[PDB]
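**Q** Below is a structure I'd like to ask you about.
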Amino acid sequence: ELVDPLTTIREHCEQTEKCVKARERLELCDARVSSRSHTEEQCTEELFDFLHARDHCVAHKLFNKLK
Amino acid sequence: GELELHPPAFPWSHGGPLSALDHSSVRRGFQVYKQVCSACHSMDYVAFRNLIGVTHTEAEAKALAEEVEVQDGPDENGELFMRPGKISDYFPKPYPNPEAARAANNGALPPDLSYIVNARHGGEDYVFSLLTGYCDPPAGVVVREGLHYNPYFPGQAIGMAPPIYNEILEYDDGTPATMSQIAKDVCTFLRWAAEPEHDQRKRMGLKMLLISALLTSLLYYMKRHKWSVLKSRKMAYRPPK
Amino acid sequence: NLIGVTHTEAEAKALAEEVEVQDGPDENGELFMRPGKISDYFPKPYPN
Amino acid sequence: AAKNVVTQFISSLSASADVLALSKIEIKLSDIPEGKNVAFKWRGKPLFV
Amino acid sequence: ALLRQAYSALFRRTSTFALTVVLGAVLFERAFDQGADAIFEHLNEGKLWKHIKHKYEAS
Amino acid sequence: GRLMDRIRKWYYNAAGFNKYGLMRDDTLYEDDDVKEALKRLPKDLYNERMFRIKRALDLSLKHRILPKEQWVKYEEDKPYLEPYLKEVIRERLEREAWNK
Amino acid sequence: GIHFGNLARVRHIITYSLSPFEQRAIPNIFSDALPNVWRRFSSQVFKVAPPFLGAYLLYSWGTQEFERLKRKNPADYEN
Amino acid sequence: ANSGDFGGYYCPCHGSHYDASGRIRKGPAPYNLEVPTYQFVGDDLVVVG
Amino acid sequence: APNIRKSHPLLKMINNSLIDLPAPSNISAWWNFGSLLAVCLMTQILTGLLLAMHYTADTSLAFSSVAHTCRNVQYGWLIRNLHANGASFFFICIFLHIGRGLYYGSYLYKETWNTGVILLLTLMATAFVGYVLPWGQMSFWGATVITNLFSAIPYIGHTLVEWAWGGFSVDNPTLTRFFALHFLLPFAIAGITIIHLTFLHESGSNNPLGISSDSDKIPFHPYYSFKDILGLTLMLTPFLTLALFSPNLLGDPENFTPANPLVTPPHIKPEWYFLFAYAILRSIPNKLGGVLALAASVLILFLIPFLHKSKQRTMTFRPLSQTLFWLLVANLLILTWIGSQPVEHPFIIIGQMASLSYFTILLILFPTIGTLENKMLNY
Ligand code: HEC
Ligand code: HEM
Ligand code: HEM
Ligand SMILES: COC(=O)CNC(=O)CCC/C=C\NC(=O)c1ccc(Cc2ccc(I)cc2)cc1
Ligand SMILES: CCCCCCCCO[C@@H]1O[C@H](CO)[C@@H](O)[C@H](O)[C@H]1O
Ligand SMILES: CCCCCCCCO[C@@H]1O[C@H](CO)[C@@H](O)[C@H](O)[C@H]1O
Ligand code: FES
């Protein structure tokens, strides 16, 4: 039991405004879509927007902690 | 999926136009390949001798290569026989042909990873994120049975089961085998594996830039020097009158 | 090669079908035997 | 003479004689669920089913 | 004056001009190589096999 | 009207062959007609055209131009060849239509 | 193959020039060189840049408009 | 297959859109996909030659 | 008798075309590309042989031989790099060498020009075949699309292709005969280059001012021999900088995957130097149209000499033409970019336009501005 600096910083970043702002947009997409069947919509976009902002952030620090 | 998510830009220790590979992260990456990937992924253009002088000692490699039984022959009766591996052999295929591999991975073909780093838009940057980035499908996305979600992979339905997880193996140099720490080392290896010259390539580059700087200037002189005669020249039209 | 020279198209087909050749791999990656087609070369009596 | 030597040489480029016979195919309509497509190594070029 | 001594014993006689570029280049190489190798092995400290070498070279 | 006339002057300063001291007809491309014309030039007018060009060439090689005060001015530009040329051409036009 | 001598008829032109060894490598880098390097740049940037800039724009638009058409319009899902 | 504006095919080389019938619908392409002369045999089988 | 540099039936040549050669005292740097192109050719050929000495033209070993050459041959890798990119550096140089000609109307030296065109055409073809040798995914699919182009001609169409492939579809016979082609063509270029230069030497070089230069010429040596050695090193730096610091910048990576006659890749682009063509072929939505537009997109060069209407030779003194010229250049830059992009809006329409504008600037705007210009000088 040890901690992968990744999941530690993946946390930290999800706090940056950019992240939350997109994190929320998704939370919402996820909701309207999950609660409705005979759709078409998908929350990929919203997700990417998120992962995009998130990981981009992860990228700036992650390697400092890795060996 | 008309849409796609592109990867970020990690500052690999060797990214700079003068930065050599991390010959230690490579030795590790290797171990990661040897102990994890080499069960589905072929490395046909690399061979144990390549390691010598780069990540392992001559003695080590010999032993390394002897941990495998290869198919040599025919003998004197004409039978193919197994024999221990020599430094001159290439890394063993996990399958006898693509037809087989597919069948043992759900019709999916785990591509040889020799030039992989250079065959996917993004290189080591992409290979890293694919490895780490595995996750759950967002709202409205159904991933066919046998396929896992991965936002980084095109189509997001990748036939490769997430290959790494903390402690999945244990480096002999005493390094924290966290998911990324591995994915960093293996991605670093792939690079070396994909263009072993890399180092000597950048070293020359430097040398080139240095001669090329000096020599270009030295000639800017000799071009002007000679031309001066025509640039300083003056002429006049003196008719009869 | 026999066709048009010593044998008829029909004959050769049959002639070549009198032998089992090694084609493959298949779907699972196994080498399987199959009847001969006019496009095969005469069979080696030894593997090497 | 000339016309025949050019003919001769020129067909040296066209298809060879080792250009196979063709026609062969084994297919289980059952392996293909409804709504999907598959590629088969047929007579040189792909074949969609 | 160096330039004069230079021009007299070197750059003048076409025969010795050449003889210089030769014995000259020689030194240049020898020297240049060292530098670049050093400037390089230095910018990549502890990352070259030449640096890791002793951790396995049983000696 | 006095438009083409205020236009031409512009274009003239625009092409800027004056910056090199070259008259309008110094920059003419030398086809067969021009060639012919140039040969009909009075001893001097030719030796003069010559200098101007060998001087302009010397400029283009040095990458410089003439100081503002030596440039040709739209109205002081002598069309020393235009007449000789129109004659060559006029002459030729004849021979051509006559050969039918 | 000889072209030097049969070229053209020139009269009354005097030219003077100096041995390279007598003159400077590159002279007046500031009192003459640069100030001319500029002039040139000046006079030509107005014929060249325009259309290039014109392209740049078109490139960005085309690109920006394309990435825009990839996003999703809510008005199709608010139903 | 599984791309395009006609639920059939798409050729990324110069953008030709094919439908589920393999018929050419949009793009530079000019003729419909060739079709092999084939036949059915059993419940879940089929062969061409 | 007197000197052994003008009477030796051989030495006289190197001296009659490379030393005493009379050159306008004022040709710029856009005249340098001439040599570079030459040095470029001779250089490609060297790396070329060196390479060919390890390649093995045969589908089942083409790809692997190139890798073995890189990985196992001493400095092999480097040797490929230089060759692979030299091609670009080559196309680059040739491109300016053509623009130089357009701007200063060198195209009035018809023969010297037309040969040039042929030369281009050959280089183009040459690179095409070379690119297929490594038998990669593009190699294949490229070899498959390009040759297929001739199938646009009716009757002898489908049939002509057969020779090309040497089969009923791209396979070994194609590869091996391409290797032959590639090995041979360069030499033909070197040959025509000789005619090209030889035609030029009847008239002397053109020059930036577009007027007689007899009034003052200088020996190629040491004026231009020196100017060129420098020019060479100024262009050589970036080209080495790429082939030493970013080998794969200009190169598609999809071609790192062994050809698969069963899967055409999703993101298919030819190497940069063929994009503008690519764009035009893709602009017209018709097999034949696209081909034709393509065919003319380059074959038009043969016309440039008959579309000259200005009374002057160079554009130096024709601002209008100049702006139109730079508009054309940029116009081209776009077309290229467009080729780099997939067939979708807006791209499709943008492509379509740029093409129209390309052809139009050459066929109508240049001859029209050209005339107008004259009347504004009062001729
Ligand atoms: C369980 C077998 C298995 C193991 C072990 C495995 N992979 Fe894979 N891998 C696959 C499969 C299957 C695919 C093909 C995915 C597809 O095309 O649907 C694949 C594909 C890949 C791809 C990307 C393919 C693409 O098109 O982008 C990479 C990169 C890769 N694997 C890396 C690794 C690495 C690194 C490791 C070792 C640390 C590893 N794999 C271990 C099965 C595996
Ligand atoms: C392998 C092909 C080519 C090579 C190596 C080559 C080489 C040369 C050389 C050495 C020169 C003389 C110096 C110079 O003016 O640059 C020259 C001149 C010239 N070339 Fe090329 N050339 C090639 C292709 C072309 C092409 C494709 C064109 C355009 C269709 C062309 C058109 C010309 C013209 C017009 C000149 C006259 C130069 C002038 O205006 O003074 N060349 N070429
Ligand atoms: C005419 C100038 C030349 C051009 C424009 C040229 C261009 C190219 C191109 C585009 C490739 C593919 C490069 C790649 O794999 O990325 C290539 C490959 C090759 N060329 Fe050339 N080439 C030239 C001349 C030659 C010559 C003269 C030979 C020797 C006869 C040669 C031998 C080869 C070989 C062996 C390959 C295959 C190996 C490889 O791809 O690296 N080439 N060339
Ligand atoms: C360097 O080689 C390449 O770039 C070839 N590879 C590719 O084009 C890879 C992608 C293949 C798919 C489409 N290509 C084209 O449509 C294409 C069309 C025209 C050209 C120019 C060209 C024409 C004839 C001739 I002859 C030559 C060129 C080149 C490519
Ligand atoms: C005594 C003669 C010995 C010749 C040995 C040839 C081995 C070549 O050794 C070379 O040394 C270089 C050092 O700068 C490295 O950069 C190269 O990668 C390596 O191949
Ligand atoms: C100078 C000598 C010229 C030799 C010309 C002989 C031409 C060969 O003629 C050949 O004869 C074969 C046998 O019938 C045919 O099958 C070929 O199609 C035909 O081209
Ligand atoms: S080959 Fe299919 S769109 Fe051109």
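In the structure tokens, chains take the letters A, B, ... in the order shown, each chain's residues start at 1, and ligands count up from 1 in the order shown.
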Step by step, measure atom-to-atom distances between ligand 1 and each residue using only C-alpha atoms and all ligand atoms, keep those at most 6 Å, then write them as number ranges by chain.

**A** B: 32-33, 36-37, 39-40, 105, 108-111, 127, 158-161, 163

**Q** Could you report the residues within 8 Å of ligand 2, using only C-alpha atoms and all ligand atoms, as a PyMOL selection string?

**A** chain I and resi 27+30-41+94-95+97-98+100-102+104-110+112-121+123+189-190+192-193+196-197+200+204-207+301-302

**Q** Selected residues, N, CA and C atoms, written as a short mmCIF file (atom, residue, chain, number, x, y, z; two decimals), in the first residue's frame, please.

**A**
```
data_model
loop_
_atom_site.label_atom_id
_atom_site.label_comp_id
_atom_site.auth_asym_id
_atom_site.auth_seq_id
_atom_site.Cartn_x
_atom_site.Cartn_y
_atom_site.Cartn_z
N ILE I 27 23.55 39.22 -60.37
CA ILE I 27 22.51 38.27 -60.01
C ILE I 27 22.47 38.11 -58.49
N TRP I 30 18.65 34.51 -55.45
CA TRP I 30 17.64 33.64 -56.01
C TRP I 30 18.18 32.93 -57.23
N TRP I 31 19.45 33.16 -57.53
CA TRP I 31 20.12 32.53 -58.67
C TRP I 31 20.97 31.36 -58.18
N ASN I 32 21.17 31.32 -56.87
CA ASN I 32 21.96 30.29 -56.21
C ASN I 32 21.28 28.92 -56.29
N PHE I 33 19.98 28.88 -56.03
CA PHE I 33 19.23 27.63 -56.07
C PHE I 33 19.61 26.73 -57.24
N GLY I 34 20.12 27.34 -58.31
CA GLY I 34 20.52 26.57 -59.47
C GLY I 34 21.50 25.53 -59.00
N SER I 35 22.66 25.99 -58.56
CA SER I 35 23.67 25.09 -58.06
C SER I 35 23.08 24.17 -57.00
N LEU I 36 22.64 24.72 -55.88
CA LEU I 36 22.06 23.88 -54.83
C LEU I 36 21.27 22.71 -55.41
N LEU I 37 20.38 23.01 -56.35
CA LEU I 37 19.61 21.95 -56.95
C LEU I 37 20.60 20.91 -57.47
N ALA I 38 21.63 21.36 -58.17
CA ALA I 38 22.60 20.41 -58.67
C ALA I 38 23.25 19.63 -57.52
N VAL I 39 23.86 20.33 -56.58
CA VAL I 39 24.50 19.69 -55.44
C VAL I 39 23.49 18.76 -54.77
N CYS I 40 22.24 19.18 -54.81
CA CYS I 40 21.17 18.41 -54.22
C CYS I 40 21.05 17.07 -54.92
N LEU I 41 21.00 17.11 -56.25
CA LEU I 41 20.88 15.91 -57.05
C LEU I 41 22.05 14.99 -56.78
N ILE I 94 13.92 23.48 -55.55
CA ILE I 94 13.30 23.56 -56.87
C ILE I 94 12.17 24.59 -56.91
N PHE I 95 11.40 24.64 -55.83
CA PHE I 95 10.28 25.58 -55.78
C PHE I 95 10.67 27.04 -55.90
N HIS I 97 13.60 28.06 -57.09
CA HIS I 97 14.22 28.09 -58.42
C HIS I 97 13.15 28.33 -59.50
N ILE I 98 11.90 27.94 -59.24
CA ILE I 98 10.83 28.15 -60.21
C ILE I 98 10.21 29.55 -60.03
N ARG I 100 11.72 32.13 -58.73
CA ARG I 100 12.74 33.05 -59.17
C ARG I 100 12.48 33.27 -60.65
N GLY I 101 12.32 32.18 -61.37
CA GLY I 101 12.10 32.27 -62.79
C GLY I 101 10.85 33.02 -63.16
N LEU I 102 9.76 32.78 -62.43
CA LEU I 102 8.50 33.46 -62.72
C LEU I 102 8.62 34.96 -62.54
N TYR I 104 11.33 37.07 -62.24
CA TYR I 104 12.20 37.73 -63.19
C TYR I 104 12.06 37.28 -64.65
N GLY I 105 10.94 36.65 -64.97
CA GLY I 105 10.70 36.21 -66.33
C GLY I 105 11.79 35.43 -67.06
N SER I 106 12.58 34.63 -66.33
CA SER I 106 13.61 33.84 -66.98
C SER I 106 12.91 32.98 -68.02
N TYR I 107 11.63 32.71 -67.80
CA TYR I 107 10.84 31.91 -68.72
C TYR I 107 10.84 32.42 -70.14
N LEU I 108 11.59 33.48 -70.41
CA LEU I 108 11.63 33.98 -71.78
C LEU I 108 12.72 33.21 -72.51
N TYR I 109 13.53 32.51 -71.72
CA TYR I 109 14.57 31.64 -72.26
C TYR I 109 13.81 30.32 -72.40
N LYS I 110 12.86 30.28 -73.32
CA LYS I 110 12.02 29.11 -73.48
C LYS I 110 12.62 27.72 -73.29
N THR I 112 15.58 26.67 -72.10
CA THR I 112 16.14 26.51 -70.76
C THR I 112 15.03 26.25 -69.75
N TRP I 113 13.87 26.83 -70.01
CA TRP I 113 12.71 26.69 -69.12
C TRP I 113 11.99 25.37 -69.31
N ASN I 114 11.53 25.13 -70.53
CA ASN I 114 10.81 23.90 -70.79
C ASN I 114 11.56 22.72 -70.22
N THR I 115 12.86 22.63 -70.47
CA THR I 115 13.62 21.52 -69.90
C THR I 115 13.36 21.54 -68.39
N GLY I 116 13.53 22.71 -67.80
CA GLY I 116 13.29 22.81 -66.39
C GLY I 116 12.03 22.08 -66.03
N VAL I 117 10.94 22.42 -66.72
CA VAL I 117 9.67 21.78 -66.44
C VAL I 117 9.81 20.27 -66.47
N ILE I 118 10.31 19.74 -67.58
CA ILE I 118 10.47 18.30 -67.69
C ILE I 118 11.18 17.81 -66.44
N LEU I 119 12.28 18.48 -66.08
CA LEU I 119 13.06 18.13 -64.90
C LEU I 119 12.17 18.00 -63.69
N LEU I 120 11.35 19.02 -63.44
CA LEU I 120 10.43 19.00 -62.30
C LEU I 120 9.58 17.74 -62.32
N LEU I 121 8.94 17.54 -63.47
CA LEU I 121 8.09 16.39 -63.71
C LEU I 121 8.76 15.08 -63.34
N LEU I 123 11.54 14.77 -61.30
CA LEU I 123 11.80 14.76 -59.87
C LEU I 123 10.53 14.30 -59.18
N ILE I 189 17.67 12.59 -64.65
CA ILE I 189 17.59 13.98 -64.21
C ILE I 189 18.93 14.66 -64.44
N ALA I 190 19.98 13.96 -64.00
CA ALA I 190 21.35 14.46 -64.15
C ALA I 190 21.65 14.69 -65.62
N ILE I 192 19.26 15.31 -68.15
CA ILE I 192 18.52 16.47 -68.63
C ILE I 192 19.07 17.76 -67.99
N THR I 193 19.49 17.68 -66.74
CA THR I 193 20.08 18.84 -66.15
C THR I 193 21.17 19.37 -67.08
N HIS I 196 19.51 21.26 -69.84
CA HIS I 196 19.00 22.47 -69.19
C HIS I 196 20.11 23.51 -69.15
N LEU I 197 21.18 23.20 -68.44
CA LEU I 197 22.30 24.12 -68.33
C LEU I 197 22.90 24.46 -69.66
N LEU I 200 20.93 27.09 -71.37
CA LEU I 200 21.14 28.36 -70.70
C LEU I 200 22.40 29.04 -71.19
N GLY I 204 23.31 33.21 -71.63
CA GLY I 204 23.86 33.83 -70.44
C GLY I 204 22.73 33.88 -69.43
N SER I 205 23.06 34.18 -68.17
CA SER I 205 22.03 34.25 -67.15
C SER I 205 21.19 35.53 -67.25
N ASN I 206 19.96 35.45 -66.78
CA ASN I 206 19.07 36.59 -66.78
C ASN I 206 19.54 37.39 -65.59
N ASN I 207 18.86 38.47 -65.24
CA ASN I 207 19.28 39.24 -64.07
C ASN I 207 18.15 40.12 -63.52
N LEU I 301 2.65 25.26 -66.49
CA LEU I 301 3.95 25.91 -66.56
C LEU I 301 4.41 26.09 -68.01
N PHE I 302 4.06 25.15 -68.87
CA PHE I 302 4.48 25.24 -70.26
C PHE I 302 3.95 26.49 -70.93
#
```

**Q** Pick out the closest residue to chain B from this set: F:60, F:13, F:18, F:70. Count only C-alpha atoms.

**A** F:60

**Q** Got a sec to pull out which chain I residues are within 10 Å of chain F, counting only C-alpha atoms, and send them as a PDB file with C-alpha atoms, in the first residue's frame?

**A**
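The resulting part.pdb:
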```
ATOM      1  CA  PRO I  24      25.693  39.347 -64.809  1.00  0.00           C
ATOM      2  CA  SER I  25      27.669  41.274 -62.219  1.00  0.00           C
ATOM      3  CA  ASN I  26      24.385  41.544 -60.326  1.00  0.00           C
ATOM      4  CA  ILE I  27      22.506  38.267 -60.009  1.00  0.00           C
ATOM      5  CA  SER I  28      21.020  37.898 -56.522  1.00  0.00           C
ATOM      6  CA  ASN I 207      19.282  39.237 -64.071  1.00  0.00           C
ATOM      7  CA  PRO I 208      17.116  41.123 -61.493  1.00  0.00           C
ATOM      8  CA  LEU I 209      16.857  44.333 -63.524  1.00  0.00           C
ATOM      9  CA  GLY I 210      15.625  42.628 -66.673  1.00  0.00           C
ATOM     10  CA  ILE I 211      17.930  44.523 -69.056  1.00  0.00           C
ATOM     11  CA  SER I 212      21.103  43.874 -71.075  1.00  0.00           C
ATOM     12  CA  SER I 213      24.130  43.042 -68.935  1.00  0.00           C
ATOM     13  CA  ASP I 214      26.868  42.722 -71.576  1.00  0.00           C
ATOM     14  CA  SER I 215      27.751  46.210 -70.447  1.00  0.00           C
ATOM     15  CA  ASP I 216      29.345  44.521 -67.412  1.00  0.00           C
ATOM     16  CA  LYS I 217      29.892  40.827 -66.675  1.00  0.00           C
ATOM     17  CA  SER I 310       4.419  43.090 -70.133  1.00  0.00           C
ATOM     18  CA  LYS I 311       6.877  45.172 -72.202  1.00  0.00           C
ATOM     19  CA  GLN I 312       9.420  44.715 -69.443  1.00  0.00           C
ATOM     20  CA  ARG I 313      11.045  41.421 -68.411  1.00  0.00           C
ATOM     21  CA  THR I 314      11.039  41.352 -64.656  1.00  0.00           C
ATOM     22  CA  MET I 315       8.436  42.356 -62.105  1.00  0.00           C
ATOM     23  CA  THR I 316      10.951  44.478 -60.191  1.00  0.00           C
ATOM     24  CA  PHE I 317       9.376  47.451 -61.964  1.00  0.00           C
ATOM     25  CA  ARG I 318       5.744  46.357 -61.985  1.00  0.00           C
ATOM     26  CA  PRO I 319       4.220  46.692 -58.493  1.00  0.00           C
ATOM     27  CA  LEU I 320       0.833  45.571 -59.749  1.00  0.00           C
ATOM     28  CA  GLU I 373       0.580  48.135 -66.890  1.00  0.00           C
ATOM     29  CA  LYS I 375      -0.586  51.488 -71.108  1.00  0.00           C
ATOM     30  CA  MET I 376       0.205  53.172 -67.787  1.00  0.00           C
ATOM     31  CA  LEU I 377       3.773  53.739 -68.947  1.00  0.00           C
ATOM     32  CA  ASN I 378       2.395  55.065 -72.238  1.00  0.00           C
ATOM     33  CA  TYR I 379       3.536  52.260 -74.594  1.00  0.00           C
TER      34      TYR I 379
END
```

**Q** Please give me, as a PyMOL selection string, the residues lying within 6 Å of ligand 3 when counting only C-alpha atoms and all ligand atoms.

**A** chain I and resi 41+44-45+48-49+51-52+55+66+80+84+87+123+126-127+130-131+133-134+182-183+186

**Q** In Å to one decimal, how far is CA of residue 223 (chain I) from CA of residue 11 (chain G)?

**A**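 That distance, rounded to one decimal, is 25.0 Å.
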
**Q** Produce as a short mmCIF file (atom, residue, chain, number, x, y, z; two decimals) with C-alpha atoms, in the first residue's frame the set of residues near ligand 6, where near means within 9 Å with only C-alpha atoms and all ligand atoms considered.

**A**
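Result written to pocket.cif:
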```cif
data_model
loop_
_atom_site.label_atom_id
_atom_site.label_comp_id
_atom_site.auth_asym_id
_atom_site.auth_seq_id
_atom_site.Cartn_x
_atom_site.Cartn_y
_atom_site.Cartn_z
CA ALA D 1 10.88 -7.35 -87.01
CA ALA D 2 10.71 -4.17 -85.00
CA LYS D 3 6.98 -4.43 -84.35
CA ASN D 4 7.39 -7.94 -82.98
CA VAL D 5 10.37 -7.24 -80.70
CA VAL D 6 8.55 -4.29 -79.15
CA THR D 7 5.42 -6.40 -78.66
CA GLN D 8 7.59 -9.10 -77.11
#
```

**Q** What does the list of residues within 8 Å of ligand 4 look like if you count only C-alpha atoms and all ligand atoms, written as an NGL selection string?

**A** (:H and (13-14)) or (:I and (121 or 124-132 or 138-147 or 149 or 268-275 or 277-278 or 281-282 or 294))

**Q** Check every protein, DNA and RNA residue against ligand 7, keep those with an atom at most 8 Å away (counting only C-alpha atoms and all ligand atoms), and present them as a ChimeraX atom specification.

**A** /H:10-16,27-29 /I:145

**Q** Can you write out the residues you just picked, keeping N, CA and C atoms, as a JSON list (two decimals), in the first residue's frame?

**A**
```json
[["chain", "number", "residue", "atom", "x", "y", "z"],
["H", 10, "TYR", "N", -17.28, 4.97, -46.47],
["H", 10, "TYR", "CA", -16.57, 6.23, -46.68],
["H", 10, "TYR", "C", -15.11, 5.95, -47.03],
["H", 11, "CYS", "N", -14.61, 6.59, -48.08],
["H", 11, "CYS", "CA", -13.22, 6.39, -48.47],
["H", 11, "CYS", "C", -12.44, 7.66, -48.14],
["H", 12, "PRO", "N", -11.65, 7.63, -47.05],
["H", 12, "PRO", "CA", -10.85, 8.77, -46.58],
["H", 12, "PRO", "C", -9.84, 9.38, -47.56],
["H", 13, "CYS", "N", -9.57, 8.69, -48.66],
["H", 13, "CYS", "CA", -8.60, 9.19, -49.63],
["H", 13, "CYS", "C", -9.02, 10.46, -50.35],
["H", 14, "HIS", "N", -10.28, 10.55, -50.75],
["H", 14, "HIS", "CA", -10.78, 11.75, -51.42],
["H", 14, "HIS", "C", -12.25, 11.99, -51.10],
["H", 15, "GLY", "N", -12.69, 11.42, -49.98],
["H", 15, "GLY", "CA", -14.06, 11.60, -49.52],
["H", 15, "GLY", "C", -15.26, 11.12, -50.33],
["H", 16, "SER", "N", -15.31, 9.83, -50.65],
["H", 16, "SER", "CA", -16.46, 9.31, -51.38],
["H", 16, "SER", "C", -17.38, 8.61, -50.38],
["H", 27, "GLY", "N", -19.25, 12.52, -53.35],
["H", 27, "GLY", "CA", -17.80, 12.54, -53.51],
["H", 27, "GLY", "C", -17.31, 12.48, -54.95],
["H", 28, "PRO", "N", -15.99, 12.36, -55.16],
["H", 28, "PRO", "CA", -15.46, 12.29, -56.52],
["H", 28, "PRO", "C", -15.74, 10.94, -57.18],
["H", 29, "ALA", "N", -15.86, 9.89, -56.36],
["H", 29, "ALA", "CA", -16.13, 8.54, -56.88],
["H", 29, "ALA", "C", -17.17, 8.61, -57.99],
["I", 145, "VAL", "N", -2.91, 4.69, -55.07],
["I", 145, "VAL", "CA", -3.73, 5.79, -55.53],
["I", 145, "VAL", "C", -3.13, 6.49, -56.71]]
```

**Q** Just the number, please: distance in Å from CA of residue 170 (chain I) to CA of residue 34 (chain H), one decimal.

**A** 18.2 Å

**Q** Collect all residues with atoms no farther than 9 Å from ligand 5, counting only C-alpha atoms and all ligand atoms, and output them as a VMD selection string.

**A** (chain B and resid 197 199 to 201 203 to 204) or (chain E and resid 33 37) or (chain I and resid 74 to 75)

**Q** I'd like to know which residues of chain A are alpha helix (DSSP H) (by DSSP, run on the backbone); could you write them as number ranges by chain?

**A** A: 5-13, 17-34, 44-65

**Q** Please return, as a CSV table (one decimal) with C-alpha atoms, in the first residue's frame, all residues of chain D lying within 9 Å of chain I when only C-alpha atoms are considered.

**A**
```csv
chain,number,residue,atom,x,y,z
D,10,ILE,CA,6.2,-4.9,-73.9
D,11,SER,CA,4.2,-7.8,-72.7
D,12,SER,CA,7.2,-8.6,-70.4
D,13,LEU,CA,5.7,-5.9,-68.2
D,14,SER,CA,2.1,-7.1,-68.1
D,15,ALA,CA,0.8,-9.7,-65.7
D,16,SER,CA,3.0,-12.8,-65.1
D,19,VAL,CA,-1.1,-15.0,-61.5
D,39,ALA,CA,-13.1,-8.0,-44.1
D,40,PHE,CA,-12.0,-11.2,-45.9
D,41,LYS,CA,-8.7,-11.7,-47.7
D,44,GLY,CA,-6.1,-10.0,-54.0
D,45,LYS,CA,-8.4,-7.3,-52.7
D,46,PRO,CA,-10.8,-7.1,-49.7
```

**Q** What is the CA of residue 23 (chain G) to CA of residue 233 (chain B) distance in Å?

**A**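 We find that CA of residue 23 (chain G) and CA of residue 233 (chain B) lie 11.0 Å from each other.
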